[PDB]
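Notes follow once the structure below has been shown.
2 protein chains.
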Amino acid sequence: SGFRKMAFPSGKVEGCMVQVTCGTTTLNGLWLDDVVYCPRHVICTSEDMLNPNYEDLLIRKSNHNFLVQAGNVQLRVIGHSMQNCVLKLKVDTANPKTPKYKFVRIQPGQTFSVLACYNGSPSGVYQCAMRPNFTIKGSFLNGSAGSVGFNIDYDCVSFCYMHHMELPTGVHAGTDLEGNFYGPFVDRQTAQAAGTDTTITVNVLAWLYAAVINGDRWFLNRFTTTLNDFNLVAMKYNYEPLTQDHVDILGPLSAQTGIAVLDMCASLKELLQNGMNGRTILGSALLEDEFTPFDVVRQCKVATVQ
Amino acid sequence: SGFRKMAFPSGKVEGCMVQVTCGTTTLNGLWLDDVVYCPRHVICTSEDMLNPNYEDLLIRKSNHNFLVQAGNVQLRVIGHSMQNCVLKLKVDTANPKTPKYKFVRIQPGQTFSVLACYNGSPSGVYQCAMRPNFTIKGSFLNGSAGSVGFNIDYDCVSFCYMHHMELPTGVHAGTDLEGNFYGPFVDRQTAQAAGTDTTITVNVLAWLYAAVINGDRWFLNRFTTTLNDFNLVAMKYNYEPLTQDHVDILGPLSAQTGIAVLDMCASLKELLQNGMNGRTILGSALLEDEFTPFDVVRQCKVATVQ
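Sequence lines, in order, name chains A and B. The numbering of the first sequence is this note's numbering, which starts it at 951 and goes up by one. The numbering of the second sequence is this note's numbering, which starts it at 951 and goes up by one.
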């Protein structure tokens, strides 16, 4: 029993992290086979960030302008190119610790693990969710760009996020591993802002099921509702509408607890309207939305099969 | 910016995890050089756990009775001994992935990263604190015993916890890597009560500093108090006494923010006596106590030196 914010083990990703230096600018790269992937603003000085002309800046860089280090090992750059907002640096050495991997592009609501790195050195691991507004609520300082987000299944690393930038609300934006930003964000100088975020309803429901599985059930009532009725409540409180697909995905949690999904929706409606009144759920005094149904099933080993 | 529950990168520990099976009982072991460390209850079945003569039970076990698998590949046991509540199984193969390591005893209030494992396979990583009542609020199911807790300092892994058991309140107990339990617990099947837990005051202060560093300053009003007056309030709210030693270790956070420790104590006193006014701090609607001062300094790279 118990329930914690849990990341995937990070070892398979640690062996892929390198430092990339161009002049005086440094960030992290991801070394898979004989390519290092990193954010393209490594080619910018502080002066360039007034208005970076990335294509013009890159044309004056040779292979020798890129210093790539895996720990103390120097990886010689033998080619370079730009793909959307990432650079691909071809190196002379293939990474012997390259795991089985895929590059994937995820949807809002999905969670992933982040290996935060500085100067090519892994510092820590934590869990993030892709927010409905395509930001993430990470923990990133200057020098962390190029840190990646990932999930692991059957020893295959699915890389879904490369970190690029921080917005003045304290939230983070980045790309897939082909260099395409999530959301409307750009790595230019435009005075941009994130859209209004909402709460990930299906994840809150998953977390309420985790709470019941772990014995916290004071919030259960006898009532039920419908998708139509519940979604009027969701709109009022800035929650994402619940879809029937979400209801179906919650199936294994409903199956193991015996609590119908629309019954759990009626419990959530009451929590939204009246709050918790000095009580907690899984150690929290607010409704948590960064655990997916998959996250709960995996961490609590939810199964009716024996 | 940002502030997350952050674990150390787990790769160095992943390569040490193995499965130990004795009869129908399976749990995890820690493989360092030519020794596997695991909880001694692997030698027990339902038949002999109320009053297990572990010395007698171990005598009935030969080296062949211990099946050790590293990545589903068998390691041959060539010796076995018991040290307090752990077994040391000598194997004929030294682990080529053994990191630099130390076995350490942590103090109450200190944090560590847990690599949760089942059948020798790492499942996830999360952060825990050693509670004042010497339990931990983990996430552990049957088969997770032998999972370990650790911190990393300069490529040295300091192992501080090996998981053994769950108390009926849903919290967890275990040993150091010398096999001595934290707190008044035994691996015997006696009914065991944890002491009433208390809140880790110095950690709440550290987390309030983390909030300030991240821009969350609504609870600062330039008030200050004395150490004795603060400790009178702490006592009323089930908070641990704050010692001058605790004040000292908050130094780096006070240094970067310019907020004296006793000013932050006055802020915390106000939050305790009057509540959080419905507000959230760093994504929490309650006061969080599982970040140490060092955790904040590490994650936020706190320093006045440039």
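C-beta atoms are modelled at their ideal positions from N, C-alpha and C, and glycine is treated no differently.
To the nearest angstrom, how far is the alpha carbon of B/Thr1061 from that of B/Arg1081?
Residue 1061 of chain B sits at position 111 when you count from the first residue of the second sequence. Residue 1081 of chain B sits at position 131 when you count from the first residue of the second sequence. B/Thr1061 and B/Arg1081: Cα-Cα distance of roughly 9 Å.
Which residues share a DSSP beta bridge with B/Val1162? Start at 1 with the first residue of the second sequence, and residue 1162 of chain B comes out as number 212. Note: B/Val1162 sits in no beta bridge, so no partner.
Sort B/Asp1103, B/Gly1228, B/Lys1087 and B/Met1112 by Cα distance to B/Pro1118 and report the nearest one. In the second sequence, residue 1118 of chain B corresponds to position 168, counting from 1. Out of B/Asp1103, B/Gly1228, B/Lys1087 and B/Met1112, B/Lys1087 has the C-alpha closest to the C-alpha of B/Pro1118.
Just to confirm before moving on: does the CB-CB distance between residue 1261 of chain B and B/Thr1085 stay below 8 Å? Absent from the structure is residue 1261 of chain B, since the part of chain B shown begins at 951 and ends at 1256.
Looking at C-beta atoms only, is the number of pairs between the region 1151-1159 of chain B and the region 1192-1202 of chain B that lie closer than 8 Å three or more?
As far as the Cβ criterion goes, the region 1151-1159 of chain B touches the region 1192-1202 of chain B, which means the pair count is three or higher.
Review point. With DSSP run on the structure shown, which of helix, strand or coil describes A/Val1246?
Key: Sequence index remark: in the first sequence, residue 1246 of chain A carries index 296 (1-based). Look at A/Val1246 here: in three-state DSSP terms it is helix.
> Three or more C-beta pairs closer than 8 Å, one from the region 1027-1035 of chain A and one from the region 988-1005 of chain A: is that the case here?
Replying inline: Contact annotation: the region 1027-1035 of chain A touches the region 988-1005 of chain A, with at least three C-beta pairs closer than 8 Å.
Exercise for the section: Say whether chain B places a C-beta atom closer than 8 Å to the C-beta of A/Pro1072. Expected result: What you label residue 1072 of chain A is simply residue 122 of the first sequence in a count that begins at 1. At least one beta carbon of chain B lies nearer than 8 Å to the beta carbon of A/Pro1072.
Going by other Cβ atoms of all chains shown within 10 Å of its Cβ, with 16 needed for buried, is B/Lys1186 buried or exposed?
Position 236 of the second sequence, counted from the start, is the residue given in the question as residue 1186 of chain B. Result: exposed.
**Study point:** Helix, strand or coil at A/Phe1109 [DSSP, three-state]
**Key:** Position 159 of the first sequence, counted from the first residue, corresponds to residue 1109 of chain A. Of the three classes helix, strand and coil, the one that applies to A/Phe1109 here is strand, per DSSP.
Notebook entry, point to check: Which residues in chain B sit within 8 Å of A/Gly1088, going by Cβ to Cβ distance?
Noted result: For the purposes of this step, residue 1088 of chain A is identified with residue 138 of the first sequence, where counting begins at 1. Neighbours of A/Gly1088 in chain B, taken as residues whose beta carbon is under 8 Å from its own, are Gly952 and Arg954 in chain order.
Considering A/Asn1188, what are the terminal residues of the beta strand (DSSP E) in which it resides?
-> Taking the first sequence and counting its residues from 1, one reaches residue 1188 of chain A at position 238. No beta strand (DSSP E) contains A/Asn1188, which DSSP labels as neither H nor E.
**Study point:** contact_flag[the region 1090-1103 of chain B, the region 1067-1077 of chain B] where n(CB pairs < 8 Å) is 3 or more
**Key:** Because the criterion of three Cβ pairs below 8 Å is met, the region 1090-1103 of chain B and the region 1067-1077 of chain B touch.
Item checked: Straight-line Cα distance separating A/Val970 from A/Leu977 -> Within the first sequence, numbered from 1, the residue matching residue 977 of chain A stands at position 27. Within the first sequence, numbered from 1, the residue matching residue 970 of chain A stands at position 20. Roughly 6 Å between the two C-alpha positions.
Kindly confirm or deny that the region 996-1005 of chain B and the region 1018-1029 of chain B touch, where touching means at least three C-beta pairs closer than 8 Å.
Judged by Cβ distances under 8 Å, the region 996-1005 of chain B makes no contact with the region 1018-1029 of chain B, as fewer than three pairs qualify.
Where B/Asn1013 and B/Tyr1004 are concerned, what is the direct C-alpha to C-alpha distance, given to the nearest angstrom? Counted from its first residue, the second sequence places residue 1013 of chain B at position 63. Counted from its first residue, the second sequence places residue 1004 of chain B at position 54. When the Cα atoms are used, B/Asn1013 and B/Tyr1004 turn out to be separated by approximately 16 Å.
Q.
Spatial neighbours of A/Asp1239 within its chain, please: C-beta separation below 8 Å, excluding the five flanking residues on both sides.
A. For the purposes of this step, residue 1239 of chain A is taken as the residue at position 289 of the first sequence. Residues of the same chain with a CB within less than 8 Å of the CB of A/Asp1239, apart from the 5 flanking positions on each side, are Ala1079, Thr1149, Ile1150, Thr1151, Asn1153, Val1154 and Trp1157 in chain order.
Please report the residue range of the alpha helix (DSSP H) in which B/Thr1207 lies. Stepping through the second sequence from its first residue, residue 1207 of chain B is reached at position 257. Segment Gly1201 to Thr1207, the alpha helix (DSSP H) holding B/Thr1207.
- For B/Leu1155, does the three-state DSSP call read helix, strand or coil? As a first step, residue 1155 of chain B must be located in the second sequence, where it is residue number 205. B/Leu1155 sits in a helix when the DSSP states are folded into three classes.
Counting along the chain, where does the alpha helix (DSSP H) carrying B/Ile1009 start and finish? Locating residue 1009 of chain B in the second sequence gives position 59, counting from the first residue. Element bounds for B/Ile1009: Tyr1004 to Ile1009.
Going along the chain, which residues of its own chain have a beta-carbon closer than 8 Å to the beta-carbon of B/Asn1181, five neighbours each way excluded? Residue 1181 of chain B sits at position 231 when you count from the first residue of the second sequence. Counting only Cβ-Cβ distances below 8 Å, and skipping sequence neighbours, we find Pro1191 and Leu1192.
*asked:* Using the Cβ count rule (16 or more neighbours within 10 Å means buried), how would you classify B/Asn1092?
replied: Translated into positions along the second sequence, residue 1092 of chain B becomes position 142. Exposed: under 16 other Cβ atoms inside 10 Å.
Verify the CB distance criterion: does B/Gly1099 have a CB-CB separation below 8 Å to chain A?
Within the second sequence, numbered from 1, the residue matching residue 1099 of chain B stands at position 149. No - not a single Cβ of chain A is within 8 Å of the one on B/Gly1099.
| said: DSSP three-state label for B/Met956, please. | reply: Taking the first residue of the second sequence as position 1, residue 956 of chain B is located at position 6. When secondary structure is reduced to three states using DSSP, B/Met956 falls in the coil class, being assigned neither helix nor strand.
B/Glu1220 touches chain A at which residues, Cβ-Cβ below 8 Å?
-> Position 270 of the second sequence holds residue 1220 of chain B. By Cβ distance, chain A contributes nothing, its closest Cβ being about 18 Å from B/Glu1220, past 8 Å.
Exercise. Below 8 Å between beta carbons: does that hold for A/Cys1250 and A/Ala1161?
Worked result: Taking the first residue of the first sequence as position 1, residue 1250 of chain A is located at position 300. Taking the first residue of the first sequence as position 1, residue 1161 of chain A is located at position 211. Contact flag unset, no.
Near-chain A residues of the region 1009-1028 of chain B (beta-carbon distance less than 7 Å), N- to C-terminal order:
Going along the region 1009-1028 of chain B in chain order, one finds no residue with a Cβ nearer than 7 Å to chain A.
* **Interface residues of chain B facing A/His1122 [CB-CB closer than 8 Å]** => Here residue 1122 of chain A corresponds to residue number 172 of the first sequence, with the count starting at 1. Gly952, listed in chain order.
Entirely within the region 986-1060 of chain A and at least 4 residues each: give me those alpha helix (DSSP H) ranges in chain order.
Whole alpha helix (DSSP H) segments, 4+ residues: 1004-1009.
Taking the Cβ atom as the reference point for each residue, do B/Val1107 and B/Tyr1051 lie within a distance shorter than 8 Å? In the second sequence, residue 1107 of chain B corresponds to position 157, counting from 1. In the second sequence, residue 1051 of chain B corresponds to position 101, counting from 1. Yes.
Worksheet item: Would B/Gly1124 be called buried (16 or more neighbouring beta carbons within 10 Å of its own) or exposed?
Response: As a position in the second sequence, residue 1124 of chain B is number 174, starting the count at 1. By the Cβ neighbour-count rule, B/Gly1124 is buried, with 16 or more other Cβ atoms within 10 Å of its own.
Alpha-carbon to alpha-carbon, A/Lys962 and B/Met1214:
Translated into the one-based positions of the second sequence, residue 1214 of chain B becomes position 264. Translated into the one-based positions of the first sequence, residue 962 of chain A becomes position 12. Rounded to the nearest angstrom, the two C-alpha atoms are 41 Å apart.
- Message: Checking the sheet assignment: what are the DSSP bridge partners for B/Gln969?
- Response: Walking along the second sequence from the start, residue 969 of chain B turns up at place 19. Beta-bridge pairing links B/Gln969 to B/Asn978 and B/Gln1019.
query: Which residues in the same chain as B/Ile1231 place their Cβ atom closer than 6 Å to its Cβ, once the five residues preceding and following it in sequence are excluded?
result: Here residue 1231 of chain B refers to the residue found at position 281 when the second sequence is read from its first residue. Closer than 6 Å at the Cβ level, and outside the excluded window around B/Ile1231, lie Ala1161 and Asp1166.
Using the C-alpha atoms, what's the distance from A/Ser951 back to B/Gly1120? To locate residue 1120 of chain B, count along the second sequence from 1; it is residue 170. To locate residue 951 of chain A, count along the first sequence from 1; it is residue 1. Approximately 6 Å, taken between the alpha carbons.
Q.
Is B/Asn1164 close to chain A? Criterion is C-beta to C-beta, closer than 8 Å.
A. For the purposes of this step, residue 1164 of chain B is taken as residue 214 along the second sequence, with counting starting at 1. Yes, because at least one Cβ of chain A sits closer than 8 Å to the Cβ of B/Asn1164.
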